[PDB]
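>>> Got an experimental structure here, sequence first:
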Amino acid sequence: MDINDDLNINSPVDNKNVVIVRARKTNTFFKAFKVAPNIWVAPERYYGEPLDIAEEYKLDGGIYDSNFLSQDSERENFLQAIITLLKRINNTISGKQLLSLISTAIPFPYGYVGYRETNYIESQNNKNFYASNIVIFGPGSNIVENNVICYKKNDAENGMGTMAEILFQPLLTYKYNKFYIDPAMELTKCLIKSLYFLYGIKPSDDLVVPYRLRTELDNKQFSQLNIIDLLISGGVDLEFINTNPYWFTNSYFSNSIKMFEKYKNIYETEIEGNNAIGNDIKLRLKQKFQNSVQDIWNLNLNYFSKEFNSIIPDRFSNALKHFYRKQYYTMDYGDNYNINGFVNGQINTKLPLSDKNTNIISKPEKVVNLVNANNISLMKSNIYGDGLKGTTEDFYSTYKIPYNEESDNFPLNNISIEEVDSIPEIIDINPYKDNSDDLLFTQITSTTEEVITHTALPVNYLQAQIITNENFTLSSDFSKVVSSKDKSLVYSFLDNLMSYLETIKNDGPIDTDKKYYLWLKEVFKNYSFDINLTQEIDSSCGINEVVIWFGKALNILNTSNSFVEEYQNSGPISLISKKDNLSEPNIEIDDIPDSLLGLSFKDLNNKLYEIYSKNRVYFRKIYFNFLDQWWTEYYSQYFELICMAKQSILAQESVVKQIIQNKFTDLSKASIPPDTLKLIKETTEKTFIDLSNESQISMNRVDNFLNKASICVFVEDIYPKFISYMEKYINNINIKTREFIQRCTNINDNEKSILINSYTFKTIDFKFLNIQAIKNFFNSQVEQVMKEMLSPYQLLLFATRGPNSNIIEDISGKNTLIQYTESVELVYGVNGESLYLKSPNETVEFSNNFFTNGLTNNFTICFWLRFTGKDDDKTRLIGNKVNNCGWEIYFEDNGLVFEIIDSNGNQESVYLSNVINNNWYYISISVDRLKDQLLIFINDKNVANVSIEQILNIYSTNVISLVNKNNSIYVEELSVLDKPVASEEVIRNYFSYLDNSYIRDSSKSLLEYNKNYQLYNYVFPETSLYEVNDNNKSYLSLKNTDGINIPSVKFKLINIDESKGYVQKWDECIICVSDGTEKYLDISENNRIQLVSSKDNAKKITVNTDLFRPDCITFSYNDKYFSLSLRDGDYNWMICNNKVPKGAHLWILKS
C-alpha cells in the first residue's frame, strides 16, 4: 500500500524521496530512497563495516565479498528486492500494522535549552533535514550477515529511542530441510527488533539467557543468547522462559515499564496540545503511546509465521549454524516471488544455488579425523560452532530464583491504519546535533581442534552418503565404502533399493517406455518400503514409533546386530553422548516473618496460608528451571540427532534421484521417439517430486520418535532428580516451620497442635509432571503451520452465497483454480452449499499441478453427488482424461463407471450399480499406486477393490473437469487427497459432513416441515403405510396381503413455531396425513396410532434420529417410541409399544 513503488536505482537526487545524506558524523555520505514515512532504503553496503576483512578474522559461515552490492544492476535488484519484501509485508493485516507503528514510532525529542529530534538525516550541504526512524542497508562485512544497528546506543536504552539501521540481504535465501525460507519473514524479524530501538528499551548487553549446552566440547559450556533475540525469535525456546510464573527476571522489565511511563508522561503533560509544538510530531507521539512496552515484548515471528504462512525454524533458531550446513539460493523477484509470497509456496518454488556457496567459510569447532587401526586418516569430519557467546561458566547454578512473585494473544490490533495514514509527514525537523555515536568494528578469530578417532561418529556416517563418484554403486558396509580404493562406493541403508537393484544387475537394457516405467515404479516403491520402514514399541514413556533404519544411518546402537531391539534394551537415554548435565538450582533463604511470632490463632492461620501460597507458587519456579535444563542440556542433543537423521533421509533420496537421472540418461541414447521422451521426462519430474513427498513422511517418523525419546528422558531421567531435590527442600522447610510455630509466644496449645499440622509440606506438593503439556511444548506455531502446508488435501471445495454474490473457492490452500460458467448457482446440498449445474453445456474446470497425476502418485477423489440423470448410453462426468489417458467417472446404465487408463492403453473400468436415482451418494475413489490397488466407496460401504497392477503411466492435464451435460447434477464437498484411503476415514468422513442436527429423507436430502412424504418401516421396506377402518375409527397399517384392499399413505410434519422451515433433532411436531380431512395422529389406551379429525387430539411427538443411519428418523412419545405391531391381518399397525422388536424404531420419509 503506502510503499513508494516508484524509484529505479537510477532516480536522481531531488531532495524529497531521493537524497544523499551523511553517515553518522563522518566525512562519508550515502544515497537513500524514501519508501514510506520515516522509512528509507540505502541500496548499497553498510558503511561502518569494512568490506574486504582480514582472513585471520573471517567468521565461520560468512561469505565475504567486496564486489557484492558493488554493481548497479545488483544495487537495483536489491532496491527492488527491499521494496518488494516490504509490499509483501503489507498485504498482511498484522504486518501493515507493524510497519505503521514503525512509521509512527518516532524517537522522543529533546527539550528547552523549541523541540529538537534525534531521528533524521543531514545532507552534504548540511542544511536540508529529513526525518527517518528506519534505514535498510545492504550487508556490512559478511554478506549473509543480517542486523539492526543503534544510532545512539544510550538513547536506545534510556526510554527515549533512536534511529535504527538495518543491514539486509534480500538476494539470498537458504533451505530449512525440505523447503526454502521466506526472506520477507527475515526482514520482519529485523523490523521487530528496531521497535525496541525506536521505543528506547534495547536490553542491556548482558541480559542473556542460556540457549544450548555445548556437548561437542570437553566441559560444561553454555551457548548464551541475549533476551531480546529470544523474545523476537518466538518458536519453542522461549516457551521455557515465558512460563506462568515467569521464573527468570531482571531490572530491565520493571525499569522498562518505569521509564516508559515517565516518557509517556512528559508527552501527556508537556507535549500534547502545546501550540508551540505541531501535529506532524505530537500526533505521532500520541500514536507511539497507544502501544505499551509489554505489547512490543510479546510481539514476534510466531504471530507472523501463521500470518505469512512461512515455516521458519522453531527449535534452536539462533544456534542453527551448529546443526545445519546452511545452503544458499539466488532469489528472483518478482517472478518467483509475488505480493503473495513465493509464487508456488515455500515448498515448490525451485530456486538456483548461488556461486557464492563455495566462498562460504568453514572454520569448524573441531575436525573428527576417522583413522583406522594403522592410524591413517580415512575421512575427517567437521563439527561447527553455533556462533554464540560462551559461558563460562554455569548459569543455573548462579541464578537465584527470586522469592518475590513480581494473558493475551495478538499484539498490534490497537493501531488503526485509517488513523495512522492521516498524520501529515514530519517536514520541519529541528536537529539535535548529537544524534549519533561514532561506530565500532569488533573482529575475532577461530581456533579449531583436530581429533583422531578410531570410532566412527554419526558425523562420519552422514558424510558417507554423499557422492564422490560420477559413476557409482551403493553399499551397506560403512568401512567398505570408506576403504573403496575407488572410491565408487556410497553408503546407503536403502537395503531394498539395493536388493532390487542388485537382482536386475545382469538383465537386458531399458528400451521400451514400458521397461522404464516398470523400473521406475519398483525403484520408487522400494524406496518407500525402505525410507519409512518403522516399528512401534514399549517404553515407560509411551508407545514410540521407532525408525528402524535410525541405527544404520547415524551409527547409534548400530553396534548390535539390530537397531530396534537395542533401543528397547538401553532406553531413550541410551542414544545421546552426555547424560549427566543437571546442576542444583540456587534457591531462597530461611525466614518466616518476625512479627508473626506474636500474633494469635485465626490471624496466624491465614498468614501461614500466605507463606504456603508463595511456597506452592515458588515450587513451580524451581520446576521450570529444571525443564529448561532438560531442553538446554538434553533435548538439544536429541535435536543433534534429529537434524542428522533428517539430513540422512535427504542424502538417501538424493542417491536415488541420481540413480534415476542416470537411468533416463540411459533412455537413450535410444529407439524411443522424440516427443515420447518429453513425457517419460515430465513423468520422472513428477516421480522425482513423488519421492520427496515420501521423504517428508520419513522425517516425521524420525521426529515423533526422537521428540518422544526426548520427553521419555524427562520423565524417567530428569524428573526423579527433581523429586530428590524437592523433598530435600521441603523436609528442610518443615524442620524450620516446626521451629517457627513453637517460637510463637501468642498462640495457645491448640494453635500449636493444629498449625504444626495445617501448614506442612509433603511429596504430592511438587508432583507437577504433565506429560501432555510437555508434549504440547512441541506443537509450536510453525509445526502447526507445517501441519497445514503438507496436508493430504489438494482441494476441498467451499462455496458461499456471499454479499449479493457467489464465492466458489478452495479451502485446501493450494493452487487449485476454479474456472467456470458465471451461470452456475449454489443450492443447499448435504451440509453446506452444493454446486448446481443446470446440466446444459455448463462445465466447471479444476486446475492444479498435482492433477496431472503420473506414474507413482497415490490419490483419493471424494465428493457428494445427486443425480437427475437419464439415458443408458455413456456420458463423461468428472475427469482428467486427456486425449485417452488418466481417469474419468462416466454415467452409464443404472450407475457410474470409473475408467482408469495409462499411456500404453491398459485399463480397469469399474461399474458401480445403483447411483442414477437422485438419492445423495458420497462417492470416494482411492487409487493406491504403492499397493497397486483400486478401492471405491459408495456412501459408507466399500463397493470395490481391484488390481491395477497392469496399469502404468496415467499422466494427463493439470485439469480435472466436471461436465454435467443434459442432466442437472448436484455436486458438493469435492476433494482430492494425495493419500490413498481406508474404510475407517470413509466412515469417519461420511458421518462428519452427515450429522448436523437436521433430519433427512431417504434421498439423504434435508427434511423440511410440511411436506407430503410416504412412511415405511425399516422392518418392512417397500410395503407402503396405509389406512383402514375396523374398530370404532380409522387406523394406520401396512398391506402385507397386497390387494386385500389398502392404498399408499401421505405424511406431513407441522411445528409449534410458525416461522421454522426445517426439521431438527429434539424438535416438537404434529404428524398429519391427507385422507378426507387433515387427519392428525393420536396414540390410543391400546397405544395404537389412529387418525383423528380433531386438532387438540393430535399428539405433540418429539423427533430424533439414528447417528449411524443417515436417512432415518424416529417418531415417539416420552420414552415410548413408535414401532410396528405384530403381523396381524395381514395388517401391520402403527403402535406406540414397549414389547415388540427394536428394529422397527427406524422410519424413512421418502418423497
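Happy to help now that I have it. Numbers count the residues shown, from 1 in each chain.
>>> which stretches of the stretch 901-1050 of the chain form strands?
907-912, 921-928, 933-938, 941-947, 959-962, 969-977, 1014-1017, 1025-1029, 1034-1038 (DSSP state E, counting those that start in this stretch).
>>> would CSV of those strands with mean neighbour count and distance to residue 192 be doable?
No exception for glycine: its C-beta is placed from N, CA and C like everyone else's. Below are those laid out as CSV (neighbours: other C-beta atoms under 10 Å; distance: least, C-beta to C-beta, whole Å):
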stretch, mean neighbour count, distance to residue 192
strand 907-912, 16, 56
strand 921-928, 22, 45
strand 933-938, 21, 49
strand 941-947, 14, 52
strand 959-962, 22, 42
strand 969-977, 23, 38
strand 1014-1017, 19, 66
strand 1025-1029, 17, 70
strand 1034-1038, 22, 73
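>>> who wins for proximity to residue 770 among the ones you listed?
strand 969-977 (34.8 Å; C-beta to C-beta).
>>> just checking, what packs against that closest one?
On a contact count with 3 or more C-beta pairs under 8 Å, 6 or more residues apart in numbering; DSSP states H and E, strand 969-977 meets strand 793-802, strand 833-837, strand 859-867, strand 959-962.
>>> Pairing partners for it, with directions?
Its sheet considered, strand 969-977 pairs with strand 793-802 (antiparallel), strand 833-837 (antiparallel), strand 859-867 (antiparallel) by DSSP bridges.
>>> The strands of the stretch 901-1050 of the chain: which one's closest to residue 167?
strand 969-977 (44.6 Å).
>>> ok, and what's touching stretch 13-26?
Taking contacts as C-beta atoms under 8 Å, 6 or more residues apart in numbering, the residues outside stretch 13-26 that touch it are 4, 6-7, 11-12, 28-34, 47-48, 121-124, 126, 128, 130, 151, 436-439.
>>> Now render the helices and strands packed on strand 969-977 as CSV, adding distance to residue 709.
Below are the helices and strands packed on strand 969-977 laid out as CSV (distance: least, C-beta to C-beta, whole Å):
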stretch, distance to residue 709
strand 793-802, 31
strand 833-837, 47
strand 859-867, 33
strand 959-962, 42
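>>> Which one of these lies nearest to residue 1027?
strand 859-867 (31.8 Å).
>>> Please export the C-alpha coordinates of the closest one as CSV.
Coordinates of each C-alpha in strand 859-867 appear next as CSV, following Å, rounded to 0.1, in the frame of the first residue of the first chain:
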residue,chain,number,x,y,z
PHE,A,859,-4.5,-40.1,-4.6
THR,A,860,-8.2,-40.1,-3.5
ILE,A,861,-11.2,-38.3,-5.1
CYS,A,862,-14.2,-37.8,-2.8
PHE,A,863,-17.4,-35.8,-3.4
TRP,A,864,-21.1,-35.8,-2.9
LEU,A,865,-23.4,-36.3,-5.9
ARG,A,866,-27.2,-36.1,-6.6
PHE,A,867,-28.2,-37.1,-10.0
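>>> could you check the angle strand 921-928 makes with that strand?
On the basis of axes from the mean of the first three to the mean of the last three C-alpha atoms, to 10 degrees, strand 859-867 is oriented at 160 degrees to strand 921-928.
>>> Could I get the full set of strands for the stretch 751-900 of the chain?
793-802, 805-810, 817-820, 825-828, 833-837, 844-847, 859-867, 875-881, 886-892, 895-901.
>>> Residue 600 is nearest to which of those?
strand 793-802 (69.3 Å).
>>> Dump that closest one to CSV, restricted to CA.
The C-alpha trace of strand 793-802 is given here as CSV (Å, rounded to 0.1, in the frame of the first residue of the first chain):
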residue,chain,number,x,y,z
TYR,A,793,-5.9,-32.2,0.6
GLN,A,794,-5.0,-30.8,-2.7
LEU,A,795,-8.6,-29.5,-2.8
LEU,A,796,-11.6,-29.1,-0.6
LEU,A,797,-14.3,-27.2,-2.3
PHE,A,798,-16.1,-24.4,-0.3
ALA,A,799,-18.8,-22.1,-1.6
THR,A,800,-20.9,-19.5,0.0
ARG,A,801,-23.7,-17.3,-1.3
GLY,A,802,-21.7,-14.2,-0.4
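>>> Give me the buried positions along that strand.
Across strand 793-802, burial judged by 16 or more other C-beta atoms under 10 Å covers 793, 794, 795, 796, 797, 799.
>>> hang on, the earlier thing: out of the strands of the stretch 901-1050 of the chain, the one nearest residue 692 is which?
Proximity to residue 692 (C-beta to C-beta) singles out strand 969-977 among those, at 17.4 Å.
>>> Just the C-alpha atoms of that closest one, please, in CSV.
What follows is strand 969-977, C-alpha atoms only, in CSV (Å, rounded to 0.1, in the frame of the first residue of the first chain):
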residue,chain,number,x,y,z
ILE,A,969,-26.2,-32.7,-11.3
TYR,A,970,-25.8,-31.6,-7.7
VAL,A,971,-22.1,-31.8,-6.5
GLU,A,972,-20.8,-30.9,-3.0
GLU,A,973,-17.7,-31.0,-0.8
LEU,A,974,-15.5,-32.1,-3.7
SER,A,975,-12.0,-33.2,-2.5
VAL,A,976,-8.7,-34.5,-3.8
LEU,A,977,-6.3,-36.2,-1.5
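>>> Distance from the chain centre to it, please.
26 Å (C-alpha atoms, centre = their mean, to the nearest Å).
>>> same question, stretch 732-743
With C-alpha atoms, centre = their mean, you get 52 Å for stretch 732-743.
>>> so what's residue 452 up against?
If you count contacts by C-beta under 8 Å, 6+ apart, then residue 452 has 369, 371, 375 around it.
>>> switch to 7 Å and redo it
Residue 452 is in contact with 369, 371, counting by C-beta atoms under 7 Å, 6 or more residues apart in numbering.
>>> Could you do residue 243 as well?
Counting by C-beta under 7 Å, 6+ apart, residue 243 has contacts residue 624.
>>> how near is it to residue 197?
As judged by C-beta to C-beta, to the nearest Å, residue 243 and residue 197 stand 27 Å apart.
>>> wait, residue 921 sits on residue 939?
Yes - with contacts counted by C-beta atoms under 7 Å, residue 921 reaches residue 939, the gap being 5.9 Å.
>>> How much space separates residue 756 from residue 735?
In terms of C-beta to C-beta, residue 756 sits 12 Å off from residue 735.
>>> Residue 447: neighbour count?
6 (other C-beta atoms under 10 Å).
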